[PDB]
Amino acid sequence: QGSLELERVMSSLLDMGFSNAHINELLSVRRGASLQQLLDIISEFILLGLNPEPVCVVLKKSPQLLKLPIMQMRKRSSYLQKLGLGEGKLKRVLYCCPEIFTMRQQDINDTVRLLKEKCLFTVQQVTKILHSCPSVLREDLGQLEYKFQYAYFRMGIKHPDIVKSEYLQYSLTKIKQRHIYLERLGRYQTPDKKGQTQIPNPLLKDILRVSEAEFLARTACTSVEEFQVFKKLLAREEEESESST
Amino acid sequence: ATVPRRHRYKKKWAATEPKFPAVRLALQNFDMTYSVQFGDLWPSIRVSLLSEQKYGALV
Amino acid sequence: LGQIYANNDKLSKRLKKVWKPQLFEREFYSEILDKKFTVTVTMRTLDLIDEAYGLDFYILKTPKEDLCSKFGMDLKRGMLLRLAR
Amino acid sequence: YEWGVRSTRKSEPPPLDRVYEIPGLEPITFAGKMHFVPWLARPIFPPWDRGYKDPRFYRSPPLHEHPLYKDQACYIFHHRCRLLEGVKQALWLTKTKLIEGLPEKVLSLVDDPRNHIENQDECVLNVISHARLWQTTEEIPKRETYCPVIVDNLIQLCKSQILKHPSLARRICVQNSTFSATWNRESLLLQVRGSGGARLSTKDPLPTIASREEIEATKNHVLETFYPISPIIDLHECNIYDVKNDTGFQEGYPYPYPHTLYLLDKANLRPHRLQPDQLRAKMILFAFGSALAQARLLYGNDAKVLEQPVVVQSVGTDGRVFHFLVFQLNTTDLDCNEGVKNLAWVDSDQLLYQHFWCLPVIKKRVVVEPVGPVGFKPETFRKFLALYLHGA
Amino acid sequence: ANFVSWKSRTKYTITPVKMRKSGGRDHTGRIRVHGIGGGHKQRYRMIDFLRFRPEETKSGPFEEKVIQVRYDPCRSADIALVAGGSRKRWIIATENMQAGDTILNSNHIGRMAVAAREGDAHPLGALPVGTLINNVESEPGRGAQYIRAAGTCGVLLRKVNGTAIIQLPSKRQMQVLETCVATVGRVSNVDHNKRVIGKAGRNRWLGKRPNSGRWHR
RNA sequence: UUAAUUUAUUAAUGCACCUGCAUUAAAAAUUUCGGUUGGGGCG
Ligand SMILES: [Mg+2]
Ligand SMILES: [Mg+2]
Ligand SMILES: [Mg+2]
């Protein structure tokens with residue numbers, strides 16, 4: 001019965017969409033787990049709009065993902081498909097942070113509730129947030145509401161421009177340095193009760209989207225040494241004000 | 001309705017004739033005049049004139 | 001049916017408050033009436049059975065006010081009239 | 001999906017008092033004080049049965065304890081059943097064959113010029129104008145009032161050739177008599193219960209039209225089957241029934257034979273009327289029903305093929321359109337779907353007049369349609385004479 | 001509490017039953033819903049949404065024909081008379097569903113896909129991998145709750161390991177066991193969204209009432 | 001209302017529902033709006 005047990009799973013997986021070797025490449029992954037346990041795992045992935053090619057990318061990265069049991073995973077699958085992450089939108093969630101199916105429900109629910117009500121995003125706006133930046137779920141809850149309202153009040157950019165420009169995937173370490181500096185240059189300026197004073201605010205391509213190597217030539221381009229004091233001057237400004245106030 | 005926690009002063013800033021503020025009335029009267037005699041050197045000094053002062057020792 | 005304060009000190013706003021018992025529904029067996037009952041029961045009644053070492057015991061050991069229930073006091077009539085005859 | 005919501009269903013009983021769950025004692029209730037008391041125990045009352053029997057408060061037994069709850073389901077036709085497939089459904093459950101148009105012998109009786117009433121074009125127009133314009137005090141009569149007037153006044157015109165034909169005095173037109181007939185088809189039992197108006201009765205048999213070679217010629221014709229409609233649709237399913245054959249009369253009744261059946265659509269509403277496709281289906285069933293009432297009387301309750309067959313015709317109407325049918329009954333072994341079969345000659349959509357303007361129409365002061373019938377067809381009255389003179 | 005409802009029949013007939021409209025009120029007489037009340041009178045046709053409802057004695061696959069397809073006042077679709085055997089029904093109609101068309105029911109899951117004609121009722125399991133379904137259940141045996149408005153349809157997408165996810169008109173993929181009966185072929189009244197009602201009186205004939213006059217922020 | 005005092009009440013979770021204590025919101029409840037220049041070209 002043990003030899004035939006491999007055959008019927010290989011019969012069902014061949015209809016599912018794998019190859020001869022890629023099924024036999026999954027035999028090195030099953031550490032601890034059984035074969036009946038395996039077939040309920042793989043099906044519940046492919047049922048949520050997964051192709052059989054990206055599914056080995058997450059499982060070879062995360063070999064602990066198979067020990068998750070049967071009944072909690074179907075409740076996890078239903079809550080995420082309520083949120084509209086199914087059919088290929090779950091692929092970018094699974095590769096960058098593989099621990100989604102095992103981490104707890106309430107931290108997903110406290111995150112979506114803070115976005116939907118406290119930040120007043122719409123249902124398609126939360127779904128576009130969750131597809132683009134899945135790093136929002138590993139971030140502390142009080143820090144998430146701060147980085148929205150810093151965009152909402154000090155940066156002033158409205159709801160659709162936060163969601164489209166992938167705003168929530170940058171840290172508060174990075175974003176305080178590149179905002180207050182460009183604010184105090186007289187190159188950025190916050191919008192008014194209606195909007196602005198005289199100058200156009202730059203786009204977030206020129207503010208946030210360039211990396212550390214490409215920052216010094218494209219965004220700053222005034223003096224290389226000039227920002228480095230203000231990297232640490234704002235850091236001391238961060239330290240004393242958090243303790244005293 | 002979205003309400004702040006800490007950054008309360010940085011919302012609903014008024015335009016010309018702003019009624020309330022004390023310290024940005026010094027700010028808005030520095031934009032025009034120092035843009036004439038300094039050129040593209042007004043951005044360099046404003047970050048220094050709002051961040052922090054370096055002190056010295058008088059032994 | 002009583003009243004409280006806000007944050008455990010007198011100088012705050014006064015609020016009303018209803019404390020209710022936690023209601024379990026457990027299944028018991030009466031050795032004297034030989035039927036099982038479906039009964040709304042609390043924590044301290046269950047503890048009052050064990051501290052009396054029996055449920056036929058407890059209905060005959062308490063006066064009226066200690067159980068204070070029309071069904072349980074009918075159980076006191078119903079069980080003890082079984083004993084009377 | 002269950003029909004009927006909880007708030008409109010029967011209310012559930014209140015949960016029982018816990019006095020009942022102790023077997024030691026008897027409950028203390030308000031059985032003594034003969035009124036409700038909220039602070040006494042809820043009594044159980046015995047099932048109370050009416051000791052006597054009353055006419056205006058009689059309760060029937062349920063439908064498993066009647067004297068005749070036989071397990072085999074019968075299917076009964078009356079004046080209210082409206083068939084789905086129409087004539088094609090009525091053809092199968094009668095086992096009769098459809099021949100379009102009245103036969104040659106019927107239409108030959110009106111061909112002779114002496115067999116015409118005086119002013120056969122004018123006196124019909126006076127019967128139409130009397131019933132639909134001149135009858136009541138009201139301006140316009142509804143269909144529940146002029147429809148019983150047209151045919152029973154047209155009977156009076158067809159009856160006035162009695163001086164010419166003294167055999168016309170052998171007929172009466174009894175109203176409100178109820179016939180019934182039963183037959184079996186492949187398995188199941190089927191019944192007609194003919195409750196209608198104005199059957200016209202003669203004491204002579206009507207002569208057979210189709211020869212026995214024609215009846216032998218009916219073996220080759222197959223009854224046209226239709227599926228997914230079963231041929232039982234829109235008949236009253238009744239599990240409580242008496243298998244009976246009734247001619248509508250007892251023994252020793254003068255005029256024992258029907259001559260023509262005057263069916264009607266007497267409803268004022270078109271949804272409450274019968275369609276012409278459905279009205280001809282009731283023509284098949286009542287004419288077969290009055291004919292099978294005598295096959296079960298004159299020949300007994302045996303399945304055979306009749307040596308001297310019986311023929312009963314019928315006249316159907318709406319008030320504006322007329323339908324004509326002659327039914328020839330010639331077989332009784334109806335359990336088998338093969339062999340010989342009956343034949344009927346029908347007539348579809350045969351209208352007396354197109355429209356009656358009961359009030360003048362005005363279009364810029366000049367009338368375009370005056371009072372009286374519009375589109376009157378005198379040909380239909382010849383056919384309504386030709387059925388009235390058949391066999392006489 | 002003098003709101004005994006007109007929903008009181010416990011026995012299915014095809015005949016139009018008189019509907020007692022509410023006007024937005026509930027059983028306490030309070031308004032919960034604003035903007036309905038008045039309109040042309042309507043009668044209710046009890047539409048049978050469990051299309052696989054097995055007849056008496058007989059069971060298994062069995063099969064139906066269409067009598068008439070008339071407009072439903074209490075719906076946004078076009079209902080049809082459908083009679084099988086000695087029972088006649090009220091069902092919702094598909095797009096090319098004329099009077100006298102050939103339709104079928106089944107409850108068998110084959111080892112090969114089943115070709116759909118234009119209007120048949122079948123389980124979701126014995127259907128193509130990308131076919132265009134209609135009225136669907138949610139937990140096998142309930143009836144049709146889901147999509148029936150006018151031309152609203154979805155696709156079966158993928159079927160993995162005894163489960164078929166269907167697609168609602170709103171992109172909200174959901175999990176259905178592959179033995180729920182479902183009508184196949186696009187629902188009638190495909191040009192209901194292209195309707196322009198013209199007057200203000202058309203949606204006061206329909207039953208709707210004007211909105212309030214507070215300017216909200 | 002972004003005034004003060006509150007969260008009993010509804011809505012969520014915390015150590016299937018219920019119940020007992022907490023957290024975040026929604027709905028609200030209660031109470032007040034000093035004095036001296038009021039038209040000011042807005043301390
Ligand atoms: Mg409106
Ligand atoms: Mg408005
Ligand atoms: Mg004063």
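Listed by chain and number, the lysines whose alpha-carbon sits under 18 Å from that of D:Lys341, ignoring those within fewer than 8 places in the same chain, are D:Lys88, D:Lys95, D:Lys97, D:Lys219, D:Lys304. Per DSSP H run of at least 4 residues, take -39500 (n - 2.57); add these up for chain D, divide by its residues and hand me the 222 nm value, nearest 500 deg cm²/dmol. Mean residue ellipticity at 222 nm (helix-derived): -5500 deg cm²/dmol.
Computed from phi, the 3J(HN,Hα) profile of the stretch E:195-205 under the Karplus parametrisation 6.51, -1.76, 1.60 (θ = phi - 60°) reads 6, 10, 7, x, 5, 6, x, 5, 8, 9, 7 Hz, with x in place of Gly and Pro.
Excluding D:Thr178 itself, what net charge comes from residues whose Cβ is under 12 Å from its Cβ, given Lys and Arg +1 and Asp and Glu -1? Computed value for this residue: +2.
Positive end of the dipole of the protein assembly as shown (Cβ unit charges, origin at the Cα centre): among A:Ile207, D:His165, D:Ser60, the Cα lying farthest that way belongs to A:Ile207. Positive contributions from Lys and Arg (+1) and negative ones from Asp and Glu (-1), summed over other residues with Cβ under 14 Å from the Cβ of A:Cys119, come out at +2.
When only the Cβ of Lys, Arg, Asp and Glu is charged (+1, +1, -1, -1), the dipole of the stretch E:107-187 relative to its Cα centre reaches about 220 debye.
Which helices of chain D meet both criteria: a Cα extent of 27 Å or more along the helical axis and a mean Kyte-Doolittle score no lower than -0.5, with helices taken as whole DSSP H segments?
Qualifying helices: D:276-295.
When the protein assembly as shown is described by a simple charge dipole with +1 on each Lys and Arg Cβ and -1 on each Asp and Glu Cβ, the residue from E:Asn96, E:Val136, D:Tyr69 located farthest towards its positive end is E:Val136.
At the listed q of 0.21, 0.22, 0.25 Å⁻¹, the Debye profile of chain B, built from one uniform point per Cα, gives log10 I(q)/I(0) equal to -1.00, -1.03, -1.11. Principal axis analysis of the Cα atoms in the stretch A:5-242 yields extents of 72, 38, 32 Å, listed in decreasing size. Per residue, chain E reaches -500 deg cm²/dmol at 222 nm when only DSSP H runs of four or more residues are counted, each adding -39500 (n - 2.57). With neighbours defined as other Cβ atoms within 10 Å of a residue's Cβ, the residues A:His131, D:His64 order from fewest to most as D:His64, A:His131. Size descriptors for the stretch E:1-106, from the alpha-carbon set: Rg then Dmax equal 17.2, 49 Å. Each Cα pair under 8 Å and six or more residues apart adds its separation to the average, and for the stretch E:1-106 the resulting relative contact order is 23 percent. Per residue of E:45-52, other chain Cβ atoms within 10 Å of the residue Cβ number 1 on average.
Under 19 Å of direct C-alpha separation, and excluding same-chain neighbours fewer than eight residues apart, A:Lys67 reaches these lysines: A:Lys75.
Report the number of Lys pairs in chain E whose alpha-carbons are under 26 Å apart, with separation of 8 or more residues or on distinct chains. Count of close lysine pairs: 26. All other residues with a Cβ under 15 Å from the Cβ of E:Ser170 taken together, and with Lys, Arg as +1 and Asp, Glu as -1, what is their net charge? Value of the local net charge: +3. Here the Gaussian network model covers chain A, with springs between Cα atoms less than 10 Å apart; of A:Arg138, A:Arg31, A:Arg154, A:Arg31 fluctuates the most.
Taking all Cα pairs closer than 8 Å and separated by 6 or more residues, the relative contact order of chain A comes to 11 percent.
Rounded, prolate or oblate: which fits the stretch D:97-195 when a ≥ b ≥ c are the square roots of the eigenvalues of the alpha-carbon gyration tensor, with rounded for a/c under 1.5 and prolate only if a/b beats b/c? Oblate. Taking 8 Å as the Cα distance limit and 6 or more residues as the minimum spacing, I'd like the relative contact order of chain D as a percentage. The value is 22 percent. Dividing the radius of gyration of the alpha carbons in the stretch E:107-187 by their Kirkwood radius gives 0.91 for Rg/Rh. The phi torsions of the stretch A:116-121, fed into the Karplus equation with coefficients 6.51, -1.76 and 1.60 and a -60° offset, translate into couplings of 7, 9, 5, 8, 6, 7 Hz, rounded to whole numbers, with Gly and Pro shown as x. By the rule of a C-alpha distance below 16 Å, with chain neighbours fewer than 8 residues away ignored, the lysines paired with D:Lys266 are D:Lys142, D:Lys282.
For the residues of E:6-19, the average number of beta carbons from a partner chain within 10 Å of their own beta carbon is 2.
Sorted largest first, the spans of the alpha carbon positions of chain E along the three principal axes are 60, 46, 36 Å. For chain D, the spread of Cα coordinates along the three principal axes comes to 102, 67, 45 Å, biggest extent given first. Relative to the Cα centre, the charge distribution of chain B, modelled as +1 at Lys and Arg Cβ and -1 at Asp and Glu Cβ, gives a dipole magnitude of about 560 debye.
What order do you get for E:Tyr12, C:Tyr58, A:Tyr170 when you list them from fewest to most C-beta neighbours inside 10 Å?
Lowest count first: E:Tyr12, A:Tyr170, C:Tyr58.
The angle between the Cα long axis of helix A:172-184 and the main principal axis of chain A comes to about 30°, on a 0 to 90 degree scale. Ranked by the mean number of other Cβ atoms within 10 Å of their residues, highest first, the peptides D:220-233, D:366-379, D:288-301 come out as D:288-301, D:220-233, D:366-379. Cβ crowding within 10 Å, taken as a proxy for footprinting-reagent exposure, orders C:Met79, D:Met283, C:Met73 from fewest neighbours to most as C:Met73, C:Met79, D:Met283. Database remark: amide H of E:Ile166 closer than 5 angstrom to the amide H of E:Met174, E:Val176 (H placed geometrically; neighbours at sequence offset of 5 or more, or on other chains; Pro and chain starts carry no H). Evaluated with a Cβ-only charge set (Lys, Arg +1; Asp, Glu -1), the stretch A:5-242 carries a dipole of roughly 440 debye about its Cα centre, given to the nearest 20.
A Cα-only calculation for the protein assembly as shown places Rg and Dmax at 44.5, 157 Å.
Mean residue ellipticity at 222 nm, helices only, chain A: -15500 deg cm²/dmol; runs of at least 4 DSSP H residues each add -39,500 (n - 2.57), and the sum is divided by the number of residues.
Inter-chain Cβ neighbour count for C:29-38, averaged per residue, equals 2 (cutoff 10 Å, partner chain atoms only). Among E:68-76, A:52-60, D:176-184, the peptide with the highest mean count of other Cβ atoms within 10 Å heads the list, and the full ranking is D:176-184, A:52-60, E:68-76. For the residue pairs A:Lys89/A:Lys164; A:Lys89/A:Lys158; A:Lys147/A:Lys205; A:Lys158/B:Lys19; A:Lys174/A:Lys205, the alpha carbons lie more than 21 Å apart in A:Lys89/A:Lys158; A:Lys158/B:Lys19.
Methodologically, a virtual Cβ is constructed for each residue, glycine included, from the backbone with ideal geometry; neighbour enumeration extends over all protein chains shown. Read-outs throughout are calculated quantities, based only on the coordinates presented, and are distinct from any laboratory measurement.
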